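We give structure tokens for two forms of one protein chain below, kept apart as structure 1 and structure 2.
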Structure 1
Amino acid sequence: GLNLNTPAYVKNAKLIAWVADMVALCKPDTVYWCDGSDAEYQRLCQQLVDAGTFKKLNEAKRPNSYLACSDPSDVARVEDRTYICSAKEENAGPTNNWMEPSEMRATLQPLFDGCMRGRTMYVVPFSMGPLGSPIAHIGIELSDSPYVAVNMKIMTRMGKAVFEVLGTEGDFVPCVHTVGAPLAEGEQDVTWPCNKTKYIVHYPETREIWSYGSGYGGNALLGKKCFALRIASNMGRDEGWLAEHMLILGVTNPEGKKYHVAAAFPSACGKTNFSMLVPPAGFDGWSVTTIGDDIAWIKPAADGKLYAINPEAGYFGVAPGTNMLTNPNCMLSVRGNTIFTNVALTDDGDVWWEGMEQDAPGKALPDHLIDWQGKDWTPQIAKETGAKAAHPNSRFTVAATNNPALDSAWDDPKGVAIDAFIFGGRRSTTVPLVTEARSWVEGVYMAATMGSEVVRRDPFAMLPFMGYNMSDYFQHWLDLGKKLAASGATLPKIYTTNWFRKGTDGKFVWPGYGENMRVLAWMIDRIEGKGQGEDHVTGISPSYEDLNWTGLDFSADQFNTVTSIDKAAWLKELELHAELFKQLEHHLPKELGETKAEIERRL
């Protein structure tokens, strides 16, 4: 313990032994255990400023906020370098990259050997989920990136409080991360260390996560995707719960009754926008509050209800496109205490990203910016070269509590009971504005066949994040629905939504954003037994008179444009579904084929 600079409050022999093994391998100059305190956060931020990784933003424009820009090779998750190394290839499935675990371990051994020379190893303890929640789990991330440490502080419950939960023998998800850039004696560092060679590896049987070469987002903040979705989905398959790529919101109606919805979108900002939706005119008595905007851990309880927690403590959101029109709650969240990554820098020390011009007088672009590559940027350079000031995948990192619409139960260890699931997508035709599934199986089918416009399929929005065979995951969901039904409780309703039906002129007809409240309210009306609708091939959809249009000029003709179901359109759709089910043929539940046949027979 002393050889690792181990704090006296760490009483977990298995943890210390593992850290010792990883220290012997990675050979850091020093070891620092993060306590998660505000003072530590401030010290690390100043160190990032001194290193040039952070620029501190103008305190008058964005208090206690920082801007980091990354190496152009290291700007996003690299799915081609992400591996599920289950013992058997079939347990990775056709949606994951696989390698024999022994071969990958022998591949990573020489990369991690001495990877942290000349650097500090940060021991980052964290809880995914409220501390001590029965739905929460602990991870430890070893990282040589102080950027990882400060972002993990915001994104997780991080620090010394974790060891109270862990105790002397509690288990944890072991995570090891290196930027893959050992420093020699006298060698000068760079502002964004990284390696052109990257590996993001998961060993499900042992819950291990190994990440080499990237300092960025989902590759390096190992709680968010690697733990919260890939490892956790395996744990949930074994222990009877779900780890989903879903926002969680609470919605209260004028009577005061509160419902909770979990929703998966294939979009970059769809969940964040929907999860912080501000009710438009005509809904003065409604409230929408955010439990989470990205990850949901959902555990059935004895009462036949599904209880979801958000396992994260902050938002790691895509910045471009965010403004007061599309997402004012998000804009308000990032007014301060935020870490921005790869957005642009203004001449007065503020940040900017494509889309903020919607809030500016005359919708005017700034005259000059420093773009995420450190290059001069002007509207003329953009207009003539297409250069973006902010990277398309640029991010804000901010505490959940900065969101003014944060739900008061966001940190409740019991979670919230899910009344409905929503599965979205982008479809110019075919898919109506909103459809309610007639049965659990038909809802799983909707989730399994989610697509975005050619139409790319993203079942459950989990295509990059499934921890095991996607088909077995389908079966997990079906088996869950059987158990819930057997409790006699009311099942969560399952909806499909599509904000992006196009007209004859090729333009979107549904205004979206806040107006999506009119669709969400129909779901609540349905849950309460007051909502009406007509039945069609794929499910039940509202008629024009079943939605509240107060405060929105939207005609029955426009409504028909975004809700019309065409026999020929869906005949083509099912052909696309068949191709998907061919890729996922292994262990594909028969209920999916039976559901497709029923849609065919009904057509």
Structure 2
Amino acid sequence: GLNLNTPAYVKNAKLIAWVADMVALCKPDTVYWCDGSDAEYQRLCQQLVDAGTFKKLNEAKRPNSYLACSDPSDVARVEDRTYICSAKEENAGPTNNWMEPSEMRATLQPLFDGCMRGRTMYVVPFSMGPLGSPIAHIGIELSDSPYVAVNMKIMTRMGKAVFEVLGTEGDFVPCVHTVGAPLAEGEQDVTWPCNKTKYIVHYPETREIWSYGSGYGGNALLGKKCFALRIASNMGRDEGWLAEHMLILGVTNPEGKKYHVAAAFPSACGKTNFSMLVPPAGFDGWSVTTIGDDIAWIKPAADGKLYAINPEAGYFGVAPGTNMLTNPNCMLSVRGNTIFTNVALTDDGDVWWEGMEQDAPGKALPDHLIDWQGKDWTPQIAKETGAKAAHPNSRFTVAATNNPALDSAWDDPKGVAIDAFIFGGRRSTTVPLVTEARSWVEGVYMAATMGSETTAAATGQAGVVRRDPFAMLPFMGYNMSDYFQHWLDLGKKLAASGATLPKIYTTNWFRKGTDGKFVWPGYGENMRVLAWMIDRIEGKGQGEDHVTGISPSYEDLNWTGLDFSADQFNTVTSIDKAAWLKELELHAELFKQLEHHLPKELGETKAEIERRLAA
């Protein structure tokens, strides 16, 4: 068998045997074990620069940073090619793509057979959660992409320290990734190898993850969505914990009281910006700190509280829109040591994306850029054709420790107690700015039925409203109706301790006016909504009862520093009967599709809302 070049510190025979089997299938030219060091990261980056995948950015403008641009077919998640191959189709459910496991194995085996000819297999060891902690899980990703390897260094705890935890007998999550572009002897490679044919396949009974054809982070960083949401949610269902598509933030008010909240918004619908927001004018003495921006693992304790940890080590965030007004903590985070993907290149060797002009002299566009497709770009081109310099789903990858607002407990394996949950989709109509659920069951109803307009984070037509329960439509690892029951059962467990349950809120930053612009300013001004939630948590905030829950009056929010009138507030908080009647019919369609194992409590809650609308 091919020489594995196994390091001496790898003491795990079952792991080595699995690598041997995967090398025999994928047939790479050579095998490299990533140790996760800083020196190795620099060498792999230089390798990417030599291949043309990376351009090194100007050291004076953007220290130790790189720019990659991808094939236009490989810019986002591909939901139609993502599968949960559970033993029974009913354990995948209507929200997932299913295929009989033996039939998927026969589909993928010829694809992976020889997939890495002409390439190096990188062995990427990683821990999700702090290394060696009771809540952490170890994975091994085999990849033929050094781009995956360097991004995994930032997004996970990667490298040789993992094998100390694994030891001789520890188990691991097996992850296989190929760009699906084997190379003949003497064949010229492309700068972004990929395949038009893609599969991202999960086998829950074995915890196997197979990814073919994509180098895009959401499809190829297999610890992130594939393990820490899809596989982990199935483990949590069996073991009494949750894996959620949620940010976690800490907020401290001027009296020094600190609270933590977890918020589920769909991909590209505001989590990163909320998780590190800066309190605006009017909020002297408040502070917001970031635990995580994307994935949360949550379990109840005997004290009746819910404890959350962020299993990731970095941010893989949407770049367009980011500037010093919308997200200054992010702007400071990506000052250096960052990987940018599909943004534009300036004449001085820096990066640019739509939105950065708001910090520019005269708030003007740059005179010339090279766009993410390598084409010349100018403001005249932008004005005449609308060409985007940066792709709408362009990304930065940066270590969490670069964030000035990083919470001191961001990597504490004891977790933080969650005082409130927030759910919210991208909705141009119908949904008010903020609503508090009257009960846990009503809150689960709000999360189960939320809708959101599709975004550039996945392929397909953007701007289309769809149901996205708990912001987990692309990431739920088992039947969505059993997941609803899991949340209902968890609340009952918490209540039996005598505790007061965390409140559940719906939010909507994204109501549009007649010209299609946003009526609510959002970004830092979302602090004004968060401050109301804190008041409610403390039992000091007022609210008015309406059809879907409790909402603040104008006078219940702090408007110091923001010119936003009572009339503008009425627009984004009014409950419109006709719009909610239509919305409830869309809930009925979801419940029809999810009839199997649908908790009866959801139909009962829907019937009460219908009464309140006909009252």
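Rigid core (definition): largest C-alpha set, two forms, superposition within 1.5 Å. Along the sequence of structure 1, residues get numbers from 1 upward.
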| Shifted position (C-alpha, 2 Å or more, core held fixed) between the two structures, chosen from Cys26, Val562, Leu57, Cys69 | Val562
| On a core-based superposition, does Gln47 travel 2 Å or more at its Cα between the two structures? | no
| Core superposition between the two structures, C-alpha change of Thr430 at least 2 Å | yes
| query | So with the core overlaid, does the Cα of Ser37 end up 2 Å or more away between the two structures? | reply | no
| said: Given the rigid core as reference frame, how large is the C-alpha shift of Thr538 between the two structures? Answer in angstrom. | reply: 2.1
| query | For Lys507, what C-alpha shift in Å results between the two structures following superposition on the rigid core? | reply | 5.1
